[PDB]
J.: 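Pasting a structure here, questions to come.
A, B, ... follow the sequence lines: proteins, then strands. Residue 1 opens every chain. When reading the values below, keep in mind they use all heavy atoms of this one structure, side chains included, and skip hydrogens, waters and symmetry mates.
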Amino acid sequence: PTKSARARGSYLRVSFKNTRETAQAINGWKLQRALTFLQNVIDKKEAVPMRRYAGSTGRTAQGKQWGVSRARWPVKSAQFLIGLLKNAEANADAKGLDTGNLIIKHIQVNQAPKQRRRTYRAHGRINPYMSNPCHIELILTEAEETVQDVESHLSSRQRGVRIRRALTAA
Amino acid sequence: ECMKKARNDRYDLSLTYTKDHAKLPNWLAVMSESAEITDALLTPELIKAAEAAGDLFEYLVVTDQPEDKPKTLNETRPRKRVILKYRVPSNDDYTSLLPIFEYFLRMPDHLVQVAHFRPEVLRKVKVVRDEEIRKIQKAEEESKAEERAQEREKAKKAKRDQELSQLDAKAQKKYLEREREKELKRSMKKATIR
Amino acid sequence: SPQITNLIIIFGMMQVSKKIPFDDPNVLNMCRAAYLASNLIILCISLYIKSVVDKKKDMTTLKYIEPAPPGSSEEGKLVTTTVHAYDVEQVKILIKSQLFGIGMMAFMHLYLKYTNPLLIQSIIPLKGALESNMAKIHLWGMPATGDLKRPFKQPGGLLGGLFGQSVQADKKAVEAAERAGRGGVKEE
Amino acid sequence: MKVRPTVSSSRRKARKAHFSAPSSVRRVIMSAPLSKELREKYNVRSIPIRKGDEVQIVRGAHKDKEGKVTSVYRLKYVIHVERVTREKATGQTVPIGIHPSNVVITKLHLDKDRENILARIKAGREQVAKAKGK
RNA sequence: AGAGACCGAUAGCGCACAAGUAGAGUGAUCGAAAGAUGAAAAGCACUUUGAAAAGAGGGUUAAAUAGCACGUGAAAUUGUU
Ligand SMILES: [Mg+2]
Ligand SMILES: [Mg+2]
Ligand SMILES: [Mg+2]
Ligand SMILES: [Mg+2]
Ligand SMILES: [Mg+2]
Ligand SMILES: [Mg+2]
Ligand SMILES: [Mg+2]
Ligand SMILES: [Mg+2]
Ligand SMILES: [Mg+2]
Ligand SMILES: [Mg+2]
Ligand SMILES: [Mg+2]
Ligand SMILES: [Mg+2]
Ligand SMILES: [Mg+2]
Ligand SMILES: [Mg+2]
Ligand SMILES: [Mg+2]
């Protein structure tokens, strides 16, 4: 509530599927690790595993560290997410949080209203040419995450057994 | 006669409004958070006893908030109290003040009897209490944020001086022009708001 | 206007102050006696106004908002009083205005030893006391309505019209300020 | 209950007429009652409100506020009262629109025209009372 | 001009709106979609991050998950948990 910062963006013209995969890849991570990984994705040094939206995509060796075979490098999604993470960093700094221990606690990509264009087909036909923009929303929280009734309605026979056993034992 | 001093000195009394009542004599007044509470507590016995008390009576309060204005959340905790203040007559005629003193002593019993209200009345009071608590933590946060904002402003000025000092002549010129252009752009963006 | 009337009176009074002999202790003492008589008369009418107020013993409830100190950025304050108490308080502020005037007069006449304002000072405090708001409502008996509405505005001059903001009897605001929880301030 | 064929009790027609009335009709629509003192003085119950009138607000969140009518915005069916104002975000002061039927006229702006009006109303009311009292 | 056991924004005239308009056709002709913030714009000052769009604080309001993609806000379909 007071140990968290949040950021969001709406109607961002970036691929919703790629952004969802990237957000799922960085979900639950430390902020610095997520930023480094996103820059690595932009530089094609680390890959985002394509899990749900992966139909007929390619295979790469960089998916080994995720256990998958299909992974890609959604550069545009990585840039948008880097911008949003930086905004969350600025919000945390303004609030006075320790930005060196922040954790990506919440991240969510939703579909935004679609933008319309046209494409021209054979035999004088017109088909839709749509973009799939997304809303992104994320919450960073400071990480602590250090986590460290009685029988009441017994029968008379049960209670007698308990008492006998206790008397016999001691 | 004592409404001014009661409101000014008593923090808890300042959380309530002040309304007259047709039942009471024109020299008395009721201070409450709810007309339902006023109806439940303004008994004819109390009205008659206060009439008997007369001008010796100063005030009678049922409260859970402190006399002085709290400054911390640990301070602002409920603490049930019943207070009775009155002036001392010069002739020592205490029989007139006996009804007030007796009813005051029996106040906890009557309050246990009748001072239970439907959730709508409770929600009316706890909203005010939550607003007060929020006001306290608000000022706490403004003080902390002001201190850290002063620190950040000093850091910004230091960074500007440190990086602007070692640039080239044309680099400094371009940097100043960019600062001015960005400031003007943001000012025009603020001005273009409908 | 009272300003113009006072200035017109002064135009003749400070003429007479340069023509009546002031080297004469007898004439000076006659003027002093007139000034002290005026002071005692305004004592009398202030006491009579207080007596009329006490006789009336009006217990009507009144609420208003006092402004912050002039020109300050502080919060306002809420006053819930009775009309009896407000009348008493304004009689007392008239008394304090007296005491201030008397002190200033004694300072400029006995320590600095100035003599010109004596004629004007023997009239203007008396005229203001006779023309005051309660010298209207109680001494003269006109009703306390309109400009005679209870929470009188600040008695300032032009700087009063600038910074001496009018007391607010707003029902919307009074209710807002009434339950703000601003009592119990640590005098300190 | 209406009887005359020229009068219509159509809600649609009434609303259309009210919300598309011209300025002269809106003047009569935006009438305000007189105070008790003025009513006793002039034998007139209500009059169309005018800029420069002094009014007291008797309904709404601004009850008991008094002031001079500074503008009669017929287009918005409201009036503007001196010092009955509000603050925008910028802190700029804007007047608050008050319906004239929510105020009472405590002091009238009087010139022969505003008065021929009062004399006509008074004469009509007195005649009607006399005829009914016959 | 007055009415109705009529319809209530896919209904009722094609048209509750800059509708016989926008647009199509060489032309004769064809011909839509599209109403609702709030009592009042009081339509978010100011700080901060950002190249910007915007975000985060903060403010207005009875209410902002009522913020000009504005009453309510279903299902299909989607994201997170
Ligand atoms: Mg497949
Ligand atoms: Mg295949
Ligand atoms: Mg293929
Ligand atoms: Mg073709
Ligand atoms: Mg598609
Ligand atoms: Mg239709
Ligand atoms: Mg529709
Ligand atoms: Mg149609
Ligand atoms: Mg054409
Ligand atoms: Mg709608
Ligand atoms: Mg809010
Ligand atoms: Mg809602
Ligand atoms: Mg709503
Ligand atoms: Mg909605
Ligand atoms: Mg569904």
Side-chain angles (χ1 to χ4, degrees), chain A residues 2 4-14 16-17 19-24 26-28 52-53 79-80 82-97 99 104-115 132-140, chain B residues 127 138 141-142 144-146 148-153 155-156 178-179 181-183 185-191 193-194, chain C residues 172 176, chain D residues 2-17 19 59-62 73 76-80 84-99 102:
Chain A
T2 192
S4 70
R6 64 229 299 135
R8 62 180 295 175
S10 284
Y11 316 100
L12 313 178
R13 205 172 185 182
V14 64
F16 155 78
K17 294 184 180 187
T19 314
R20 184 261 168 186
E21 301 291 334
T22 326
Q24 279 294 100
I26 65 172
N27 200 359
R52 175 167 294 149
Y53 309 114
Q79 301 186 135
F80 272 90
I82 277 172
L84 283 171
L85 282 178
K86 282 326 255 201
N87 187 61
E89 256 212 272
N91 302 338
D93 273 332
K95 270 179 197 247
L97 270 45
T99 38
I104 296 183
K105 163 84 170 321
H106 171 89
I107 186 156
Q108 180 188 115
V109 188
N110 269 321
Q111 281 163 224
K114 299 175 175 63
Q115 312 197 236
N132 290 83
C134 60
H135 311 295
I136 315 172
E137 79 167 20
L138 66 99
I139 302 168
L140 310 182
Chain B
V127 175
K138 198 83 34 181
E141 154 69 350
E142 330 217 329
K144 293 179 179 179
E146 198 282 335
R148 72 182 153 238
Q150 250 170 20
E151 167 43 26
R152 277 144 190 71
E153 217 162 0
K156 281 268 290 293
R178 188 197 266 87
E179 284 205 336
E181 172 38 1
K182 142 177 314 173
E183 185 274 356
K185 231 208 299 172
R186 289 172 174 159
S187 77
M188 275 300 105
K189 185 247 169 272
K190 286 161 61 176
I193 303 169
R194 304 309 180 186
Chain C
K172 183 190 183 69
Chain D
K2 64 179 180 180
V3 293
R4 281 193 297 138
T6 57
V7 184
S8 86
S9 61
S10 178
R11 171 181 179 86
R12 174 179 166 182
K13 286 182 185 177
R15 293 194 96 249
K16 182 185 175 72
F19 286 116
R59 276 295 188 277
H62 307 283
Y73 226 127
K76 304 165 87 169
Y77 273 131
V78 290
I79 69 178
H80 288 161
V84 181
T85 53
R86 214 207 169 285
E87 284 190 325
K88 291 160 77 31
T90 52
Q92 166 198 176
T93 289
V94 300
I96 281 170
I98 311 276
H99 199 264
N102 278 345

J.: Does the pair E/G35, E/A36 qualify as stacked when the test is that the six-membered ring centres sit under 5.5 Å apart and the ring planes lie under 30° from each other?
T.: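 Stacking between E/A36 and E/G35 is present - centres under 5.5 Å, planes under 30°.
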
J.: Looking at the strand neighbours E/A40 and E/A41, are the centres of their six-membered rings under 5.5 angstrom apart while the planes meet at under 30 degrees?
T.: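 Per the 5.5 Å and 30° rule, E/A40 does not stack on E/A41.
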
J.: State whether D/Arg4 places a side-chain N or O below 4.0 Å from either non-bridging phosphate oxygen (OP1 or OP2) of E/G2.
T.: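 For E/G2, neither OP1 nor OP2 has a side-chain N or O of D/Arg4 closer than 4.0 Å.
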
J.: Suppose you measure atom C1' in E/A39 against the same atom in E/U61; what distance do you get, rounded to whole Å?
T.: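 Straight-line distance between the two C1' atoms is 11 Å.
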
J.: Can you measure B/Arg186 atom CZ to E/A45 atom P for me and round it to whole angstrom units?
T.: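 Interatomic distance, CZ of B/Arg186 to P of E/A45: 15 Å.
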
J.: For the side chain of A/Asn91 and the backbone of A/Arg6, is there at least one donor-acceptor N/O pair under 3.5 Å apart?
T.: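 A pair under 3.5 Å: yes.
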
J.: Does atom OH of A/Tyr53 have more than 12 heavy-atom neighbours from other groups under 6.0 Å away?
T.: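 Yes, OH of A/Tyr53 has more than 12 neighbouring heavy atoms, counting only those of other groups under 6.0 Å.
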
J.: What distance separates D/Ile98 CD1 from D/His62 NE2, expressed to the nearest 0.5 Å?
T.: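 These two atoms lie 5.0 Å from each other.
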
J.: Roughly, in whole Å, what's the span from CZ in B/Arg178 to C1' in E/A52?
T.: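 From B/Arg178 CZ to E/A52 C1': 14 Å.
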
J.: For E/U61, take OP1 and OP2 only and decide whether either is under 4.0 Å from a side-chain N or O of D/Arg86.
T.: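 So the side chain of D/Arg86 is within the cut-off, an N or O lying under 4.0 Å from OP1 or OP2 of E/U61.
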
J.: Both distances under 3.5 Å, Watson-Crick or G-U wobble: does E/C30 pair with E/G8?
T.: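 Paired, no.
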
J.: Kindly state whether the bases of E/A54 and E/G55 qualify as stacked, with ring centres closer than 5.5 Å and planes tilted less than 30 degrees?
T.: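 As far as the 5.5 Å and 30° test goes, E/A54 stacks onto E/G55.
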
J.: With a 4.0 Å limit, can you tell me whether A/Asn27 has a side-chain N or O closer than that to the phosphate oxygens OP1/OP2 of E/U81?
T.: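 A/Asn27 to E/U81 OP1/OP2: side-chain N or O found under 4.0 Å.
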
J.: Which whole number of Å gives the distance between the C1' atom of E/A41 and that of E/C68?
T.: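 Approximately 11 Å lies between the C1' atom of E/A41 and that of E/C68.
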
J.: For E/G2, does OP1 or OP2 lie under 4.0 Å from any side-chain N or O of D/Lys13?
T.: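 Result: yes.
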
J.: Please tell me if B/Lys190 has a side-chain N or O lying less than 4.0 Å from either OP1 or OP2 of E/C46.
T.: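 Affirmative; the distance criterion is met.
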
J.: Find which nucleotide of RNA chain E each of A/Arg6 and A/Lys86 is nearest to by heavy atoms, and output the residue with the more 5' nucleotide.
T.: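 Between the two, 5'-proximity favours A/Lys86.
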
J.: Using the side chain to side chain contact (heavy atoms under 4.5 Å, CB included) definition, which of the options A/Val109, A/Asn87, A/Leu85 pairs with A/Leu138?
T.: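 By the side chain to side chain contact (heavy atoms under 4.5 Å, CB included) criterion, A/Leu138 pairs with just one of A/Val109, A/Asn87, A/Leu85: A/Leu85.
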
J.: I'd like to know if E/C46 pairs with E/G58, where a pair means Watson-Crick or G-U wobble geometry with both distances below 3.5 Å.
T.: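 Pairing fails for E/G58 and E/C46, missing the Watson-Crick or G-U definition.
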
J.: Does OP1 or OP2 of E/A42 have a side-chain N or O of D/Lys88 closer than 4.0 Å?
T.: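 True: D/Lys88 side-chain N/O within range (under 4.0 Å) of E/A42 OP1/OP2.
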
J.: Counting only side-chain heavy atoms from C-beta out, which of E/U78, E/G55, E/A45 sits nearest to A/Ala7?
T.: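 So the nucleotide nearest the side chain must be E/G55.
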
J.: Could you give the distance separating E/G38 and E/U65 at their P atoms, to the nearest angstrom?
T.: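 Straight-line distance between the two P atoms is 15 Å.
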
J.: If you sort sugars by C1'-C2'-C3'-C4', with positive as north and negative as south, where does E/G12 go?
T.: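 Judging by the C1'-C2'-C3'-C4' torsion, which comes out positive, the sugar of E/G12 sits north.
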
J.: Please state the P separation for the pair E/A56 and E/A62 - nearest whole angstrom.
T.: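 It comes out at 24 Å once rounded to the nearest Å.
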
J.: Please state whether the phosphate of E/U80, meaning OP1 or OP2, lies under 4.0 angstrom from any side-chain nitrogen or oxygen of A/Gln24.
T.: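 For E/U80, OP1 or OP2 has a side-chain N or O of A/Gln24 closer than 4.0 Å.
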
J.: Relative to the 5' end of RNA chain E, which residue comes earlier, A/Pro113 or B/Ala149, by the nucleotide with the nearest heavy atom?
T.: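 This one resolves to B/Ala149.
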
J.: If you sort sugars by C1'-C2'-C3'-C4', with positive as north and negative as south, where does E/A28 go?
T.: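 Since its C1'-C2'-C3'-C4' torsion is positive, the sugar of E/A28 is on the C3'-endo, or north, side.
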
J.: From CZ of D/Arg12 over to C1' of E/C7, roughly how many Å is that when rounded to an integer?
T.: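 Those two atoms, CZ and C1', are 11 Å apart.
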
J.: With a cut-off of 6.0 Å (strictly less than), are more than 12 heavy atoms of other residues, nucleotides or ligands near CD of B/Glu153?
T.: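 Not more than 12 within 6.0 Å, no.
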
J.: Which whole-number value in Å describes the distance from B/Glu142 CD to E/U47 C1'?
T.: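 Rounding to the nearest Å, CD of B/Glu142 and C1' of E/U47 are 12 Å apart.
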
J.: Checking B/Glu183 against B/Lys190 for the salt bridge (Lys or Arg N to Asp or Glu O under 4.0 Å) test, could you report, in this order, the C-alpha distance in whole Å, the side-chain angles of both residues, the deciding distance, and whether it holds?
T.: CA-CA 11 Å; B/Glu183 185 274 356; B/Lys190 286 161 61 176; over 6 Å; no

J.: Can a donor-acceptor pair be found, under 3.5 Å and without considering hydrogens, that links the side chain of A/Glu21 to the backbone of A/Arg52?
T.: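 Answer holds: yes.
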
J.: Should B/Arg152 be listed as having a side-chain N or O under 4.0 Å from OP1 or OP2 of E/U47?
T.: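 Checking E/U47 against B/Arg152, no side-chain N or O comes under 4.0 Å of OP1 or OP2.
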
J.: Quickly work out the A/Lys95 NZ to E/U49 P distance and round it to whole Å.
T.: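 Value for this atom pair: 16 Å.
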
J.: Distance check: side-chain N/O of A/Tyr53 vs OP1/OP2 of E/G79, anything under 4.0 Å?
T.: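 For A/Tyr53, the contact criterion (side-chain N or O under 4.0 Å from OP1 or OP2 of E/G79) is met.
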
J.: Wobble or Watson-Crick, both distances short of 3.5 angstrom: do E/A24 and E/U29 pair?
T.: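 Answer is yes for this nucleotide pair.
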
J.: Please give the distance between the P atoms of E/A63 and E/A74 as a whole number of Å.
T.: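 Looking at atom P only, E/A63 and E/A74 are 24 Å apart.
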
J.: Report yes if the base rings of E/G31 and E/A32 sit with centres under 5.5 Å apart and an interplanar angle under 30°; otherwise report no.
T.: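 So E/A32 stacks onto its neighbour E/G31: no.
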
J.: For E/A51 and B/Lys185 - does any side-chain N or O of the residue sit under 4.0 Å from the phosphate oxygens OP1/OP2?
T.: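 For B/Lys185, the contact criterion (side-chain N or O under 4.0 Å from OP1 or OP2 of E/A51) is not met.
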
J.: Please look at the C1'-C2'-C3'-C4' dihedral of E/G38 and say whether its sugar is north or south.
T.: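 North pucker for E/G38; the sign of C1'-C2'-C3'-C4' is positive.
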
J.: Please work out whether the ring planes of D/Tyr73 and D/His80 are parallel, tilted or perpendicular, with thresholds of 30° and 60°.
T.: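 The rings of D/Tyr73 and D/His80 stand perpendicular, inter-plane angle above 60°.
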
J.: If you only use heavy atoms from C-beta on, which nucleotide in E/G79, E/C44, E/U49 is closest to the side chain of A/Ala90?
T.: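 Of the candidates, E/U49 comes closest.
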
J.: For the side chain of B/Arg152 and the backbone of A/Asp93, is there at least one donor-acceptor N/O pair under 3.5 Å apart?
T.: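 Side chain of B/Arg152 to backbone of A/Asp93, a donor-acceptor pair under 3.5 Å: yes, one is there.
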
J.: Sticking with atom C1', work out how far E/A36 lies from E/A16, rounded to a whole angstrom.
T.: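 Their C1' atoms lie roughly 12 Å apart.
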
J.: When both hydrogen-bonding distances must be under 3.5 Å and the geometry is Watson-Crick or G-U wobble, what is E/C15 paired with, if anything?
T.: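 Here E/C15 is not engaged in any pair, so there is no nucleotide opposite it.
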
J.: Calculate the interatomic distance between B/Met188 atom CE and E/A52 atom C1'; express it in whole Å.
T.: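 Interatomic distance, CE of B/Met188 to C1' of E/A52: 17 Å.
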
J.: For E/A54, which nucleotide is its Watson-Crick or G-U wobble mate, given both distances must be under 3.5 Å?
T.: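 When the pairing criteria are applied, E/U49 turns out to be the nucleotide that pairs with E/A54.
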
J.: Using the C1'-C2'-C3'-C4' sign, is E/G58 on the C3'-endo (north) or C2'-endo (south) side?
T.: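 E/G58 falls in the north pucker range.
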
J.: Looking only at atom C1', what distance separates E/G67 and E/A45, rounded to whole Å?
T.: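 Straight-line distance between the two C1' atoms is 15 Å.
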
J.: Taking only N and O in the side chain of A/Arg8, is any of them less than 4.0 Å away from OP1 or OP2 of E/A53?
T.: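 A/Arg8 to E/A53 OP1/OP2: no side-chain N or O under 4.0 Å.
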
J.: Using the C1' atoms only, state how far E/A32 lies from E/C13, rounded to an integer number of Å.
T.: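 Each nucleotide's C1' atom is 15 Å from the other's.
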
J.: With positive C1'-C2'-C3'-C4' meaning north and negative meaning south, how does E/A19 come out?
T.: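 South, since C1'-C2'-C3'-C4' is negative for E/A19.
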
J.: Quick check on E/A41: is either OP1 or OP2 less than 4.0 Å from any side-chain nitrogen or oxygen of D/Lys76?
T.: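 Answer yes for this pair, as a side-chain N or O of D/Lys76 is under 4.0 Å from OP1 or OP2.
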
J.: Record whether the side chain of A/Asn91 comes under 3.5 Å of the base of E/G55 through a donor-acceptor pair of N or O atoms.
T.: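 Looking at the base of E/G55, it does pair with a donor or acceptor on the side chain of A/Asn91 (distance under 3.5 Å).
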
J.: Report the distance from atom CD1 of A/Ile82 to atom P of E/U49, rounded to the nearest whole Å.
T.: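 Result: 20 Å.
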
J.: Could you go step by step and tell me if A/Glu89 and A/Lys86 meet the salt bridge (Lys or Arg N to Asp or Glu O under 4.0 Å) rule?
T.: CA-CA 5 Å; A/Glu89 256 212 272; A/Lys86 282 326 255 201; 2.8 Å; yes

J.: Rounded to whole Å, how long is the line connecting atom CZ of B/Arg148 with atom P of E/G57?
T.: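 Computing the B/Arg148:CZ to E/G57:P distance gives 12 Å.
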
J.: Answer yes or no: are the six-membered ring centres of E/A22 and E/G23 under 5.5 Å apart with planes under 30°?
T.: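 Yes, stacked.
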
